[PDB]
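Structure, as structure tokens:
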Amino acid sequence: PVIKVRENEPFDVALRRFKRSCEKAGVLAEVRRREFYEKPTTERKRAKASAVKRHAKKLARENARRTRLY
Amino acid sequence: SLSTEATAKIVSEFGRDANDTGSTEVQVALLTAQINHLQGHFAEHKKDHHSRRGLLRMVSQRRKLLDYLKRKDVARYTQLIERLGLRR
Amino acid sequence: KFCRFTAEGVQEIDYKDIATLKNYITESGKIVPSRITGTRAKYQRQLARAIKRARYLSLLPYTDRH
Amino acid sequence: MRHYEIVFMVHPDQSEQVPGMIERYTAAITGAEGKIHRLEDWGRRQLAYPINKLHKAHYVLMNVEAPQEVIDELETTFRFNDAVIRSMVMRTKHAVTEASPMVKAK
Amino acid sequence: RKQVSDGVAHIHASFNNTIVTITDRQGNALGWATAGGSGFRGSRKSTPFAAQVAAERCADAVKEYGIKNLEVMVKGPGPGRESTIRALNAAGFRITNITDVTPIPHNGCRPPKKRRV
RNA sequence: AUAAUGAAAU
RNA sequence: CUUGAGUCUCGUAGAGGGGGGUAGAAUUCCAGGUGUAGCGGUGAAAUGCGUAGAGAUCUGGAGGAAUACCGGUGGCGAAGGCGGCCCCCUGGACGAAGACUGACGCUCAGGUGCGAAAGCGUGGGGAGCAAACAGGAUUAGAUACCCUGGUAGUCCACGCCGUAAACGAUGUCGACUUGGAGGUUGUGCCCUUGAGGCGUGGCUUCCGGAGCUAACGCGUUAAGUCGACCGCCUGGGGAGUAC
């Protein structure tokens with residue numbers, strides 16, 4: 001993220017622009033993920049679990065709109 | 001694999017006609033050509049285990065075709081193995 | 001989803017086409033995902049190869065800080 | 001004979017030898033019963049990142065058909081020549097003759 | 001001394017400390033301050049407030065060069081990324097740029113092992 | 001942050 | 001004899017295998033400039049490094065290990081496994097329309113090959129972090145978990161060893177039996193409205209009917225209904241141990 005301040009621009013606007021740019025780049029997530037070594041077994045297990053959870057949540061939320069609570 | 005020109009040349013040499021691509025003689029001759037060619041490759045790359053499965057499959061197929069031909073006609077078998085220089 | 005390459009019936013993606021390739025990289029120089037753009041998988045693989053060739057020849061950057 | 005595409009880059013302070021280089025390489029390729037299908041000289045361009053403390057390199061593009069030994073010798077020539085700073089060689093399925101995107105919007 | 005009028009502030013923000021260094025445009029230092037030297041130790045050294053005080057002291061320590069315009073480089077994930085920038089703008093410089101220069105490898109060296117506590 | 005143990009029967 | 005099994009002609013997708021080159025980001029070390037009291041680490045600490053000038057910031061050089069983003073319940077391989085870019089050698093799979101041979105097939109005791117990590121031998125190499133080992137700590141104790149260091153090994157060439165919860169805890173081949181929603185990769189036709197419809201093949205993920213099952217569950221990729229060949233079991237310990 002490189003941010004240049006435009007003429008007449010205040011400082012808070014530039015600060016917010018910088019924060020949004022950093023969030024879009026996603027640097028903090030990378031630095032957090034690269035702090036300790038992870039085993040390939042752990043990595044593959046995490047990926048599979050995330051996919052299964054997303055699928056199950058979708059099925060449940062799509063089937064929960066066919067019943068009346070009261 | 002073999003090239004179109006070499007394939008056509010072998011088919012002409014060993015078949016009854018340029019359209020006779022399915023005879024035991026043509027099949028055996030093509031397998032022998034490729035087995036002979038690959039000896040140079042495997043003399044330089046001795047740890048290419050994944051490619052050697054195909055070679056072994058070729059060897060087995062040729063053995064089976066020769067056994068069938070020997071059962072069905074001895075004279076053709078003798079002439080073919082003489083022409084190709086095959087025996088241990 | 002709309003895929004421009006499928007719409008225009010392209011055969012190869014041409015690492016020399018900087019004008020087109022520029023639409024598919026972020027401002028840091030990273031390759032944009034396919035669920036954001038709509039591209040098909042075949043063309044996504046072709047596109048990644050082309051971007052790598054351009055980076056090597058120096059017609060595109062690797063990062064935004066060299 | 002197979003089809004190749006070649007790109008090479010030259011030091012900015014030696015732009016006066018590009019025509020002689022093109023002539024020599026064209027002669028080397030055509031002397032072995034080859035053919036030349038596309039040739040372009042893009043001129044000096046700004047680089048995306050520095051190489052050896054340089055910007056502003058000179059680019060040449062070729063599309064040819066030849067045997068393998070000639071291309072091997074050409075690669076050796078690139079390696080040992082000192083005006084050339086980078087090169088790339090790729091194989092193609094068919095011959096290419098159209099004009100490139102670089103000579104249609106520059 | 002020698003007037004400069006244009007400088008760069010480097011901010012090193014780790015999980016345990018914050019370091020602020022002010023430099024000319026060619027990399028030559030002029031002054032510095034840290035959170036651990038401003039009267040905070042242990043669990044108080046890794047807060048935004050300590051970083052703010054450190055930036056104030058660094059601004060004070062460079063008043064003989066008469067600096068007017070500053071660029072800002074930030075590096076690290078800790079607390080102290082934004083408090084320092086706010087403190088500088090308040091202390092009265094004019095900020096012209098903001099850049100993130102945190103280093104990231106493209107699959108390089110093996111990191112250390114996980115902590116079981 | 002750490003942080004042990006409890007005979008056999010009714 | 002042509003329906004099983006093979007050969008030939010044109011194309012397509014792929015981290016399939018062996019050899020050789022090369023690029024960019026980052027860590028460590030060496031030699032220089034600016035600058036001056038702290039840095040590093042934890043739940044809290046001190047062992048450690050530092051006024052013989054560290055940590056921070058900028059310029060030049062050396063070395064060897066791995067390839068962010070793309071990247072997905074995505075792809076390839078008999079299994080073990082395989083990921084930057086370029087060239088040389090090489091194995092398998094699939095589709096359309098034809099021609100060709102004529103049962104040339106399936107399974108397999110003994111036999112022969114391939115086979116993750118760690119380990120062994122000879123010769124090289126060595127950023128990073130790491131059994132063993134040494135020192136702060138915590139504790140009633142702490143030959144541990146946590147912190148600061150650190151060598152065998154992890155890398156390369158050739159040769160041994162033959163084991164894993166080597167797992168879908170489900171041997172290989174062939175035929176038959178209601179449905180729904182997706183992913184990836186080929187191909188034919190067009191009312192015509194040139195951006196959309198109607199079909200037909202290969203591989204793969206999830207739900208569920210009849211039947212089956214001790215239950216949990218499986219369900220056209222069967223654990224349903226049948227046929228051909230092989231491997232294995234017979235109460236728990238002693239023991240996958242002794243000779």
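As a basis for the values below, the full set of heavy atoms in this structure was taken, side chains included, without hydrogen atoms, waters or symmetry mates. By convention in this document, chain letters (A, B, ...) are assigned in the order of the sequence lines, proteins followed by strands, and residues within each chain are numbered from 1.
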From the candidates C89(G), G159(G), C70(G), the one with an atom nearest any side-chain atom of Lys47(B) is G159(G)
Side chain to side chain donor-acceptor pair (under 3.5 Å) pairs touching residues 107-117 of chain E, sequence neighbours excluded, are none
Residue pairs meeting salt bridge (charged side-chain N to carboxylate O under 4.0 Å, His left out), one or both in residues 6-27 of chain C, sequence neighbours left out, come to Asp14(C)-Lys16(C), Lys16(C)-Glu5(D)
Exercise. Check whether any side-chain N or O of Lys72(B) sits under 4.0 Å from OP1 or OP2 of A103(G), and answer yes or no.
Key: yes
Scanning all shown strands, the Watson-Crick or wobble mate of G77(G) with both distances under 3.5 Å is none
Between the protein and nucleotides 75-86 of chain G, are there any N/O to N/O pairs under 3.5 Å, and if so, what are the atom names and distances?
| unit_1 | atom_1 | unit_2 | atom_2 | d |
| --- | --- | --- | --- | --- |
| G80(G) | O6 | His50(B) | NE2 | 3.3 |
| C86(G) | OP1 | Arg53(C) | NE | 2.9 |
| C86(G) | OP1 | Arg53(C) | NH2 | 2.8 |
| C86(G) | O3' | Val89(D) | O | 3.3 |
| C86(G) | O2' | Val89(D) | O | 3.1 |

Quick note, salt bridge (charged side-chain N to carboxylate O under 4.0 Å, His left out) partners involving residues 21-31 of chain B, not counting sequence neighbours, are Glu25(B)-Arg76(B)
Practice task
Output yes when at least one side-chain N/O atom of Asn19(B) is less than 4.0 Å from OP1 or OP2 of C8(G), else no.
Solution key: no
Protein-nucleotides 49-57 of chain G N/O pairs closer than 3.5 Å?
| unit_1 | atom_1 | unit_2 | atom_2 | d |
| --- | --- | --- | --- | --- |
| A56(G) | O2' | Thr21(E) | OG1 | 3.1 |
| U57(G) | OP1 | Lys75(E) | NZ | 3.4 |
| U57(G) | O2' | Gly27(E) | O | 3.1 |

Applying the Watson-Crick and G-U criteria (both distances under 3.5 angstrom) with [ ] for crossing and | for other-strand pairs, one obtains for RNA chain F ..........
Tabulate atom names and distances for all N/O pairs under 3.5 angstrom spanning the protein and nucleotides 147-151 of chain G.
| unit_1 | atom_1 | unit_2 | atom_2 | d |
| --- | --- | --- | --- | --- |
| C147(G) | OP1 | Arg115(E) | NE | 3.2 |

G224(G) -> Watson-Crick or G-U wobble partner, both distances under 3.5 Å, gives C176(G)
Contacts satisfying ring-ring contact (aromatic ring centres under 6.0 Å, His included) that involve residues 64-90 of chain D (not counting sequence neighbours) are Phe8(D)-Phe78(D), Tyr25(D)-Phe78(D)
Taking only nitrogen or oxygen atoms into account, show me every contact under 3.5 Å that the protein makes with nucleotides 104-110 of chain G, one pair per line with its distance.
| unit_1 | atom_1 | unit_2 | atom_2 | d |
| --- | --- | --- | --- | --- |
| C104(G) | OP1 | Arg71(B) | NH1 | 3.2 |

As its Watson-Crick or G-U partner within any shown strand, both distances under 3.5 Å, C218(G) has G211(G)
Every protein N/O within reach of nucleotides 25-31 of chain G N/O, cut-off under 3.5 Å:
| unit_1 | atom_1 | unit_2 | atom_2 | d |
| --- | --- | --- | --- | --- |
| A25(G) | OP1 | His66(C) | ND1 | 3.4 |
| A25(G) | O2' | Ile104(E) | O | 2.6 |
| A25(G) | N3 | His106(E) | N | 3.1 |

_Counting only side-chain nitrogens and oxygens, does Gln34(B) get under 4.0 Å of the OP1 or OP2 atom of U90(G)?_
no
Residue pairs meeting ring-ring contact (aromatic ring centres under 6.0 Å, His included), one or both in residues 4-42 of chain E, sequence neighbours left out, come to none
Residues 27-56 of chain B vs ring-ring contact (aromatic ring centres under 6.0 Å, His included), sequence neighbours excluded, gives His41(B)-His45(B)
